[PDB]
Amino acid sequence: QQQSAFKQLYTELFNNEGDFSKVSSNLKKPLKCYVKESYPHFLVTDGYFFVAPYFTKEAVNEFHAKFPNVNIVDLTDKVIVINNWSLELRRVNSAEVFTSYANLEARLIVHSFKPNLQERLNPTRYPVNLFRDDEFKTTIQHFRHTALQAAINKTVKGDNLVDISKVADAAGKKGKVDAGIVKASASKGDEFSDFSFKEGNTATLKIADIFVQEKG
C-alpha cells in the first residue's frame, strides 16, 4: 500500500500511458497538502514527497477573489486544499527542470485551491523531490523502455546482421565503430521522441507573474 498520495498518483499516470482518465477514480479526491516553499519555487508535500503545482490563470483569479487577504507567494509553511485538479504528461528539458526526469514531467494542474490559513499539520519526514526517488525514476525508465522497444521493433527490420566475414579474418581489416550505430525511430532529431501518449496541453502561470500580480 503506497503511503504517498503523490507517488501513487504520478506512478499510475505513467503506468497508464499518460492518460488521466485511466487512473483510478478513487484517487481523484481533494488534495490536502503542506506548502514547503512558495518562491522562487512553489512546492507542496503530501508528507513524503514534494511536487510543483501548476496554477491556471482561472485558478489564481478565483483564489484572489474568495481570499483577498491572502497572497499566494506567501503561503510557505501553510496548508492548501486543491479541490479541482488534473494531471498531464509533458516533454521538458530535465537539465533545466528539476521537477522532472529523463525529459518527462507529470504535472499537477490546479484549477481550484483553498488556503486553510493557520492549520497545523502532523509531523512528517523531510520531503524529497518525487522526481529523484529510486522507484519513481525506475517507473519512468520503464515507461521509456516500453516506448523505445516498440519503436525499435517497428523501425528495425530485415535482420541486417553484420556479415560474418567482416569479423572473421579481421587481420587486415580496420573499421569505424560508428558502423554499429542504429537509429531507434523515425524521430526528427538526435533525441528519442517516438511516444504514444498525447502530450497534454494547458496554459499555466509562471510563478514570477503571480509575484508581480501581488507585488509589482
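In this text, the rigid core denotes the largest set of C-alpha atoms whose superposition between the two forms falls within 1.5 Å. Note that residue numbering begins at 1 and tracks the sequence as displayed.
- Of 110-118 and 127-135, the stretch whose C-alpha atoms sit farther from the shown form in 9 other deposited structures of this protein, after fitting on the rigid core, is 110-118.
- On average the C-alpha atoms of 88-96 have higher B-factors than those of the other stretch, with 88-96 and 127-135 being the two compared.
- The PDB entry reports B-factors from which the mean C-alpha value can be compared for 11-19 and 197-205; the larger average falls on 197-205.
- Set against one another, the Cα B-factors of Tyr48, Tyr54, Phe63, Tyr39 in the record reach their highest point at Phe63.
- In the deposited entry, the Cα temperature factor of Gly175 sits in the bottom third of values across the chain's modelled residues.
- Among all modelled residues in this chain, the alpha-carbon of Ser165 has a temperature factor (C-alpha) in the lowest third.
- Looking at the C-alpha B-factors along this chain, the one for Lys157 belongs to the middle third.
- In the deposited entry, the Cα temperature factor of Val70 sits in the top third of values across the chain's modelled residues.
- When the modelled residues of the chain are ordered by C-alpha B-factor, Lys114 sits in the highest third.
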